Structure formats: structure tokens, C-alpha cells
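Presented below is the structure to which this report refers.
No lab work stands behind these numbers, since they all come straight from the coordinates. As a convention, Cβ positions derive from the backbone with ideal geometry for all residues, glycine included, and neighbour counts pool all protein chains shown.
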Amino acid sequence: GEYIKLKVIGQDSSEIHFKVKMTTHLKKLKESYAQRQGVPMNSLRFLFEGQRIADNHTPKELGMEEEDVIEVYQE
Amino acid sequence: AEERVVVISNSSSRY
């Protein structure tokens, strides 16, 4: 299918957008985000509508759509 | 800040 574009918002209000397929495991997004922030992945928690995103959550499981937001907080 | 969009995408082995 098509990529959807998600906005990942940091604690400092910075944004990195990610294109993922509906079947992508979101661990891949978490890894890339942590890499680009220069911090360990396990130091961060990733929330969708306030709910914790699991490594093996997919956008399809979470009901995500184009331009949905992920928030990142410290673990 | 500029926009940032990241795309999340054996027999040859020698080790």
C-alpha cells in the first residue's frame, strides 16, 4: 500500500516526520528517532493519543492515518 | 528548522 506520514513531536516541540506503511512495525520508527536524537531507544516512550506504542504495534493496529501525531516523552 | 521526512523502508556472504 501507500506510505502514511506521521509527525513525531519531541519534548522540545521539535518535529521529525516518518513515512511508514500500514504494516510497518513501529520499532523501526522508534529506532530511527532515537538514533537521530542521539539517545538510547530505551530512554524514550512513544505515545499515540496518550497510549504506549509497542515495538510490534503497526499503524493498522493503532488506527493511524496520514498526519497523525506521535508524542515522545522520557521513559 | 527545515522539514525532516524520514522513510522507513545469504549465499553472497563471505563471513
**Item:** Residue identified as assigned to a loop (DSSP other than H, G, I, E, B) and either of a type in the set (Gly, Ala, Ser) or closer than 20 Å to residue B:2 by Cα (or both) among A:2, A:67
**Value:** A:67
**Message:** Quick check on residue A:18: is it away from chain B (no Cβ under 14 Å) and surrounded by 18 or more Cβ atoms within 10 Å (Cβ to Cβ)?
**Reply:** no
**Long-range neighbours under 6 Å by Cβ, at least six apart or interchain, first residue over 14 Å from residue A:20 (Cβ atoms) within the range A:35-61, second β-branched (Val, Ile, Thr) and surrounded by 14 or more Cβ atoms within 10 Å (Cβ to Cβ)** = A:44/A:72
